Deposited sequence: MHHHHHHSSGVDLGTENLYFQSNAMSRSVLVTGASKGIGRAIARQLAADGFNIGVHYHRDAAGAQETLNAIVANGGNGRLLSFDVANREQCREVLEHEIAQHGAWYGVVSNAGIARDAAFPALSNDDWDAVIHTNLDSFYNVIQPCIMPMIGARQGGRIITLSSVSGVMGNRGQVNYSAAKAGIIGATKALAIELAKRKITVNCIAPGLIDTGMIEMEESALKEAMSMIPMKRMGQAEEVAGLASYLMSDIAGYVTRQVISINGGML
């Protein structure tokens, strides 16, 4: 079998992705930060529906903890086949009012996590010679920019550049590297929500299960020639 780490699997998109990939037959690393209950609830649903997984935990902003836990997991269970770097946060404010923490927490958590979580998985993935899948979670605001979120937009755009650069390095190793950029998904400021809606031709939010379908496609064996892409799932926003 083939295992896939899913960060932020305790809720929302991460939970949905974990469920779907488990159903597809992947053994899931159900990761959480602090919500261990949510994580167990996710794993319970996975087991109930006939699939396999296990809990693990770390702060994606904590480089050393990430390396510790992942090296241990890999030693005990073998290399991951897939990594879904889904975990992330927002700390919105107009650019001039943005606090040091607002900026740093978003950059360290959303962008540094690429290095912190994915780096420890790469050589083992290569060593196992099964090929692989890497999927990152960006955002429409990473693609187009969004008022009130210069920090989030920056981090999410940075994830896109990281994803593309890595895709080139790992192509010859049969590891695809792609990024999913959701629009507004049902999991902020009522003012900003209204503006966001003004731009969705489909006039609805997406569901987490929809994002998971795309992840499923990208994880699948038939998607091995798709790499270096940002694929947006956003109701037509752009």
- Query: Relative to the deposited sequence numbered from 1, which residue ranges are unmodelled?
  - Reply: 1 to 25, 213 to 216
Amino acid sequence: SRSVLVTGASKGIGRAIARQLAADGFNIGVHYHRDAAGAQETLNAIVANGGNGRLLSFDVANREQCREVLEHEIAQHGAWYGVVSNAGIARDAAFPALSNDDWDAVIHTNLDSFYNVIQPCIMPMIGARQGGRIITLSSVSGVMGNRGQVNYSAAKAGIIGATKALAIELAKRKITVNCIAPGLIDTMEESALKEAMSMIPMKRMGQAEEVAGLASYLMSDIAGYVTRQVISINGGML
From here on, numbers count along this sequence of modelled residues.
- Item | Comparing 209 to 217 with 195 to 203, the one whose average Cα B-factor in the PDB entry is higher | 195 to 203
- Note on the structure: Once average C-alpha B-factors are taken from the entry for 219 to 227 and 9 to 17, the winner is 9 to 17
- Specify which of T163, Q149, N100, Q76 carries the largest Cα B factor in the deposited PDB entry. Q76
- Note on the structure: In this crystal structure's PDB entry, the residue among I175, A181, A37, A61 with the greatest CA B factor is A37
- Task: Sorting the chain's modelled residues by C-alpha B-factor, tell me whether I233 ends up in the lowest, middle or highest third.
- Result: lowest
- Here the Cα B-factor of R133, set against its chain, lands in the third termed middle
- Note on the structure: On the chain's distribution of Cα B-factors, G142 falls within the third called lowest
- Query: What third of its chain, lowest, middle or highest, does the C-alpha temperature factor of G158 fall into?
  - Reply: lowest
- Ranked C-alpha temperature factor of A94 among modelled chain residues, by third: lowest
